[PDB]
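Ligands are counted one by one from 1 in listed order, and the atoms in each one are counted from 1 as well. What's counted below: heavy atoms across the whole structure, side chains too, no hydrogens, waters or symmetry copies. By convention in this document, chain letters (A, B, ...) are assigned in the order of the sequence lines, proteins followed by strands, and residues within each chain are numbered from 1.
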Amino acid sequence: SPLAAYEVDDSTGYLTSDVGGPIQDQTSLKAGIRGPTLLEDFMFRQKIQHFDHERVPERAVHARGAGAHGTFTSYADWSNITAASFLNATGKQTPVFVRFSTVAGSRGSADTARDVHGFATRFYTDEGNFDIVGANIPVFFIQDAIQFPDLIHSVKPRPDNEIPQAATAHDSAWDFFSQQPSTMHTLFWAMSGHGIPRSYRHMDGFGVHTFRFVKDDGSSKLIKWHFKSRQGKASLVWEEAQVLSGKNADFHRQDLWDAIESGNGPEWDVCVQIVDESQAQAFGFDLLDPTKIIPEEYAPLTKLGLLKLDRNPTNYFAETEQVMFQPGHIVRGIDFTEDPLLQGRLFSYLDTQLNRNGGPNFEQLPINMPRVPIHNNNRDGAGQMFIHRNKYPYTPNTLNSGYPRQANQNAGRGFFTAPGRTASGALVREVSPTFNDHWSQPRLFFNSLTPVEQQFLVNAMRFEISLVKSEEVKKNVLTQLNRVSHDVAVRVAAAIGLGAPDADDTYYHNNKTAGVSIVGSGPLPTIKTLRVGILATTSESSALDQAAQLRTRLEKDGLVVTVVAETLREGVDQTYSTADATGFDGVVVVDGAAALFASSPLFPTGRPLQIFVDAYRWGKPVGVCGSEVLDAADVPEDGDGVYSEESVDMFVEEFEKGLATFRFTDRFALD
Amino acid sequence: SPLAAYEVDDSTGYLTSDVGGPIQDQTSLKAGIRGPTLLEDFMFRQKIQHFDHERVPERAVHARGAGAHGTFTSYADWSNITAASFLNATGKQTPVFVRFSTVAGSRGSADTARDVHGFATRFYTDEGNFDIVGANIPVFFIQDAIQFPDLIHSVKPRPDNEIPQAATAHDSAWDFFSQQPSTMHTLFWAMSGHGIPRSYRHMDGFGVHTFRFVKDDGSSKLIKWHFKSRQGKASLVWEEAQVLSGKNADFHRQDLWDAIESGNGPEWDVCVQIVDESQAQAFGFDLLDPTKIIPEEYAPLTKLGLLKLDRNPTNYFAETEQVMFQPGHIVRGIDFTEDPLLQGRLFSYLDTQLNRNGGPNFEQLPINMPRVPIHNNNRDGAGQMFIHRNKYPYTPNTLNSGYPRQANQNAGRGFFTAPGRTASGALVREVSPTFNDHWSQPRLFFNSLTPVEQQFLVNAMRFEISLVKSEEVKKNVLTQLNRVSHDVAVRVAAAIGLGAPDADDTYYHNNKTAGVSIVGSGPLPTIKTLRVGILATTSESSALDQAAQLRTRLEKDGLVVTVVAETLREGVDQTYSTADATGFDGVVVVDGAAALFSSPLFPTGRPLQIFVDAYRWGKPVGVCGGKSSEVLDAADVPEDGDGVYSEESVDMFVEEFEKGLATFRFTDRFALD
Amino acid sequence: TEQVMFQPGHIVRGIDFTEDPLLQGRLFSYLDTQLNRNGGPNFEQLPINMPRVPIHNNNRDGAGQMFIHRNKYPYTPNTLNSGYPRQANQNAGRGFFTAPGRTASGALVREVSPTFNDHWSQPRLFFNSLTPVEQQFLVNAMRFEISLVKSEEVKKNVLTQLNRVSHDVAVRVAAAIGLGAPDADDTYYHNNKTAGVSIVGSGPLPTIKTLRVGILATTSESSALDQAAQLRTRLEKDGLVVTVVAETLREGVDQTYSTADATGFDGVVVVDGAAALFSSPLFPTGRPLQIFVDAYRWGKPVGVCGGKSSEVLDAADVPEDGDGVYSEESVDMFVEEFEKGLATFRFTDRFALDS
Ligand code: HDD
Ligand code: HDD
Ligand SMILES: [Ca+2]
Ligand SMILES: [Ca+2]
Ligand SMILES: [Ca+2]
């Protein structure tokens, strides 16, 4: 609503200055037709000054990201467990804005870099903005917010030459991981398929930290936020993600945009794990430690409501660039814990927005405004957009009749700290001994991946560690890996021509936990929005008909279908020149096109076959609809996820189960 | 190092605050061991506040770029054409700093996006900092500075969703180009190989605008700045640039950094075309028009001196991120012309630094300081570093004895505007009709490309234009292209399924100019720094020995060799898992490795695909050891192809392969329309 | 008030600039300086700076961007937003336009035009147009300021300049600083005068509404408060702002002597029942009288109301027959005479002139 009021329409009218004076902006005012430009040309200077000043500093982390508006709907009245107003009635709807992001890249870096991902959600509640500034991955790299700049420095480009962009595949990062063992758990997650998700819709969201739900009577329980995707979980393979980074840097933002535009907005079940205060240390680790999960085995999820994203921004800069999230945006009914990572975060987000906005009034930007009235004594500052009528902005006052009133546990639905919370002991800069096990949970995570998933994770480490220059850092990395799993270290060391150190089983175990594997999560529950590339030819009128018949049959099941040929024409969406296997979730070759797969000026040599071959190498469902063609490709007709049918209807029935399975993992060699 | 004075050493010592108090920075102060963090913890807040404020706004354009220090050395005493002090004596040396960049992409975007490129040079002269803020391409898109935000909005990502990053391949850019025909010239350079240069070192530099050289006697001449690369000109191919963008987004900055570190700092001859004032309209077009070149046939280059980059920065943020160039940094001996694109630039560069630096004292940053005393009455402002002794900072004064003194043509070596310059006429926002021909010079450019270069250009157009959604915009684009060359409009039209409109020959001609063709500038004058990848194997003790012998021989000639194998060990630099054809200018397979041409250690087909990509992208490729037919047949590479090598002898192999590296690209391998 | 960001560059169709070199440069400064003040480029979006008509342009982004722009093709020329916003000029859209008869000719110069070289005749025109008393005030101001310049070469330099405007000003100013003026230099002397530049000579004020009347009274005498109340009623029905001062505050009393001062009023009236005040823990010694003497010495109308006036006038050393000095028994006849003095505003005959 603050959003609609500030929309500006330029679909009609004459050019004006920012003060409403009609003007032109196509030619400079000059002293003669071939003369120098004039200082008094105010039209020139106001336009160029605005241009000179368009940029604002990028976020210190999560600079590359994309957002969408939507709705959260509560499933019940949750007053039994929380005082939160947005959760207080069945069907109660609250508007949201979500931004998704990578962590390390600058603002024009590729969506498909291997990274941890941000998932930040704002609830515009009727008791104030509430932000959950969360992740695709449930655990964080470090145990104390004071270490955040050390971690970020080491993962961001080397500061002498600023290389490499958006990547942990360099000496400093692995130096840091190998010296700071708290990093192991998140490192394993970022090195698994979670670090290269197929889209934002296909990842979960986590609050990471333990928070509190606080009832109106003052009792509290400990919670973890889990946003469970209704789209299913899916990842790219590394070799594909790299190619994508170069063919389409905007892949996730495009995906999110197109999904919303076509009536396929993504959905998540907003859940919590709920446990009592007395369980803080009961699960074999400390719930204040943000490098640990509570296994679903020990605490099941409760579904609180539905998060849907269904409307794209009108102006990316005003909305997605300017949105300023804060864990300090909290509402009555939620409270913090003494998690030292969370504690420090609270300071940074208030402070960093002065850098981004250049002024203290950043909560006045329409995207940051609340949906309820604002009553407070904050005044002045650069960019002040309000005109305050209260001329006695101090408490206590009589001159404004004691208004605004103080709000607290008793009065005005005020936020209040959980009254059971205590502190005791020395004032210390000490790490709690309860935080010292850095290795068991990464091992638990590794144990829970499938063999092929475990191979991708080894291969991700082999790829990155093989890029570290320093022999010493490489040894130190094997030393830490070895403490999670001797086998991982052995397999990683084989690729870099070092010996692993000897097994040190202090942290080894064989336990698994549910819901952390991508492959093990079964086929996608929907295939709407998946992309099919039909490779075809303009040489053969049969090929274009086979393509058009396939199209209409695939399009009904909500697939995004692209017909590729040599040149554009009615029915053909893309040329071979611009097509790549990374553009598709499945590739079908119509047999009418068999000639193309054996040279042309309209595209690079071998392109049509390379699309098909890349798709197959990368685990994707591939088919031919009419063969011989499977041989030019070296693709075995009998392989799973390879479809050969003469029939159009049976091709599609079969191929769609492919899309659902999504990736065919038997095509990947194991150690 | 020229900025040694401002360096901070942290190779020893205990951590301190910014005010010198020794502290720790690894654990927050808590009320109890599992307690909440205390507001009184200043160590935490100073450290996080700094981090929270590390970012500054990126440049409005040319956000993505990289820089290095060097030296300029004058070849002569140039007082016969200019009063400029940095050009006044043979062998006079002046510290420079240069920054290269793309134009449209944000920080983080890929070096090998197709784009125009920035080439910005600072000369820290004994008479003030002088900046030439130039380009890799000699002509700009538009003829009046006021249109810059229109050009930049149309080519930058669409503002509802911010897509696509660093790319002109979308409707808004082509709408602009088709509606604004001044764009055609620059557009044809961008669509050629100049849009995707092999490295910063393989591109030329241009001032773009006509400037003036001014002598101490007040006479002047019109100049164009040309920086001619001593490394030769080389481009990538589009299909390769795209893969590189994703395999190494840092490709040009790394190429530059490594070149300087290995003692191969890149060089340019800094040159000018000089012409008389009265030739402003003599060459068939207006010298005030930044969309036009003076063909070299009409005004030859004079070499003024040598530009050499030979030192990397110590801190990228402090040096490269913060360097703030301005065409307003001008020195006596040089002046502006009435080019309306230049005239307006003067305003923007001074203003935009307030944005980046967040305060008025940006010239006090070390990278922006001059190398001579500053005497002026500028005072205060946020971030003021100086402590000025003169308490009477106004002119005229007697209380500081009339100092600082006024500098001008006749006293103090003052800057002065060329005394012969005049203005006459009405005060107008009109375009000179001498600027109206937008098409003859893009046609001149197209004609001077070899037939394969012309095919690449057409293919870059087909690639981008086929991605424009709007059929109207696509039609409007063929209309403009058609005014340049009917042939280009036909061939592009074919890719997108639309008829080219009827020939319109007002601007067609057959004229050619020297020195704009990359593929026709002969073989590279040097191969030092070029990258050779040797594919090899650990299965065979003999493949690693062929690789070692081959390494030794190639490295002798200053080439950068990478041995690739399944796994690293002594003498192996990279695994197949990380290697790609984009990492090399030439690929050799040692014939001990024939068998590789499936494993858990690299994706299926990777070794063969490296060789096949290298061949398909025009690179010299070969097989060394003497048995070649098994590698070559697996790859479908004919043994007698130009740029395909097979020899038993290491010595003989290398001599032939080095000729291929100089040819650089084997253009016989790409189809023509 | 603090955020309002004025610009001479905020101009509308029908007005234009001239080549005044002072004006010309100002045009650059005000656009640039609001970046400093606002800390970001969107300062026209502050409420006080907003226009009252629709804004249609392709300016975007920047810190503090309050607008959410619909148009996703903010470039000209475009087809994808149908060529909107349209260009405004002389012939379409009521565009601003530079005055079409303006031209420039000549060298590009950093030179002062010689037409600007007479710096002295107009200051002399101005000085000649002030009354004798106004002349003394101007001379006194210079004597005040130049007497605080430490540099004896600066004072000499100042006399040289003043001398070219008026020898007499130079001589009169030099007398206050013990320096001799230099010899008359009459290149720019003249006798012309001009209307409209004198304050003391622009007549009595055309209105006295809002002028401030201090009524000095006492709580010792309840008839002094009655006299003050009576005086209040008849002054306020003419729109004067009236303040009754006494030792302490009570009904009818606005200010205490402790906070009262002659700078707080345009006229001072003492009610004759308060004559005794003219020492206490409640205000500084001599305060009630000093209020009266100050107002008198600054040329304000002053008076005593009620009929016994000589105790007050004598203590103040104010002559009963002086212009601007009123003494009447009747409140009504008092107010009528006093209100004429308020309009005269200043009684210039209380200040000495150089011979
Ligand atoms: C004390 C430093 C610090 C620490 C320990 C963290 N962060 Fe943070 N975070 C920031 C300091 C920060 C920041 C510098 O303040 C950012 C940059 C821009 C902004 O709004 O805040 C930020 C941005 C940011 C964003 C982008 C918000 C958006 O899209 O606009 C997300 C999703 C996260 N963070 C999430 C996390 C998670 C899940 C953490 C660990 C559990 C975490 N942060 C720890
Ligand atoms: C009226 C505005 C305007 C116009 C018409 C131009 N530019 Fe510009 N240019 C800018 C306004 C600008 C800017 C917004 O002021 C930048 C961004 C940051 C900065 O320092 O200046 C800039 C940056 C910039 C850089 C980056 C310098 C660096 O590495 O920091 C280069 C090389 C150029 N420009 C070169 C050109 C060339 C060759 C042009 C046409 C001949 C041109 N510009 C026209
Ligand atoms: Ca590093
Ligand atoms: Ca577009
Ligand atoms: Ca600021």
| said: As an exercise, identify every atom of ligand 2 less than 4.0 angstrom from a heavy atom of B:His209. | reply: 41 (C)
| field | Option of least heavy-atom distance to atom 32 (C) of ligand 2 (set: B:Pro57, B:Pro340, B:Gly134, B:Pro149) | value | B:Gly134
| message | Give me the nearest non-hydrogen protein atom to atom 30 (O) of ligand 2 as residue plus atom name, then the distance to 0.1 Å. | response | B:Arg59 NE, 2.7 Å
| remark: among protein heavy atoms, the one nearest atom 27 (C) of ligand 2 is B:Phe325 CD1, 3.8 Å
| task | Could you tell me whether the side chains of B:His69 and B:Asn312 share a donor-acceptor contact shorter than 3.5 Å? | result | no
| field | Atoms in ligand 2 flagged as close to B:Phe119, the criterion being non-hydrogen separation under 4.0 Å | value | 32 (C)
| field | Proximal ligand 2 atoms for B:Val133, defined as those under 4.0 Å from one of its heavy atoms | value | 31 (C), 32 (C), 33 (C), 35 (C), 38 (C)
| Short list, please: which atoms of ligand 2 are under 4.0 Å from a heavy atom of B:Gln353? | 19 (C), 20 (O)
| query | What are the atoms of ligand 2, with element, lying closer than 4.0 Å to any heavy atom of B:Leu341? | reply | 5 (C), 40 (C), 41 (C)
| said: Please verify the inter-ring angle class for B:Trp225 with B:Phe227; under 30° counts as parallel, over 60° as perpendicular, anything in between as tilted. | reply: perpendicular
| Which residue supplies the protein heavy atom nearest to atom 3 (C) of ligand 2, what is that atom called, and how far is it? | B:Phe148 CD2, 3.4 Å
| note | Ranked by distance from atom 34 (N) of ligand 2, the top protein heavy atom is B:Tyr349 OH, 2.8 Å
| Can a salt bridge be assigned to the pair A:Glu162 and B:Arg107 using a cut-off of 4.0 Å between side-chain N and carboxylate O? | yes
| request: For atom 40 (C) of ligand 2, find the nearest protein heavy atom and state the residue, atom name and distance (0.1 Å precision). | output: B:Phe140 CG, 3.4 Å
| query | For the residue pair B:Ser348 and A:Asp52, what are the closest heavy atoms and their distance? | reply | OG-OD1, 2.6 Å
| query | Closest non-hydrogen protein atom to atom 19 (C) of ligand 2, residue and atom name please, with distance? | reply | B:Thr352 CG2, 3.4 Å
| message | What I want to find out is whether B:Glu472 reaches B:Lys475 closely enough, with some N-O distance under 4.0 Å, to be called a salt bridge. | response | no
| task | Consider every N or O of B:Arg99 and every N or O of ligand 2, then say whether any pair is closer than 3.5 Å. | result | yes
| said: Looking at ligand 2, is there an atom of it that comes within less than 4.0 Å of some heavy atom belonging to B:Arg356? | reply: yes
| Any idea which protein heavy atom is nearest atom 14 (C) of ligand 2, and the distance to it? | B:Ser348 OG, 3.6 Å
| Check: B:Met203 main-chain N/O paired with B:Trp268 side-chain donor or acceptor under 3.5 Å | yes
| field | Cation-pi, B:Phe362 ring and B:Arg356 (6.0 angstrom, 45 degrees) | value | no
| message | For atom 36 (C) of ligand 2, what's the nearest protein heavy-atom neighbour? Residue, atom name and distance, please. | response | B:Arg345 NH2, 3.2 Å
| query | Quick one: do B:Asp250 and B:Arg64 make a salt bridge, cutoff under 4.0 Å? | reply | yes
| request: Classify the angle between the aromatic ring planes of B:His194 and B:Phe445 as parallel (below 30°), tilted (30 to 60°) or perpendicular (above 60°). | output: tilted
| With under 30° as parallel and over 60° as perpendicular, where do the rings of B:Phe100 and B:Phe119 fit, or are they tilted in between? | perpendicular
| Which ligand 2 atoms does B:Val61 reach within 4.0 Å, using its non-hydrogen atoms? | 9 (N), 17 (C), 22 (C), 23 (C)
| message | Using 30° and 60° as the class boundaries, would you call the ring planes of B:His153 and A:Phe51 parallel, tilted or perpendicular? | response | tilted
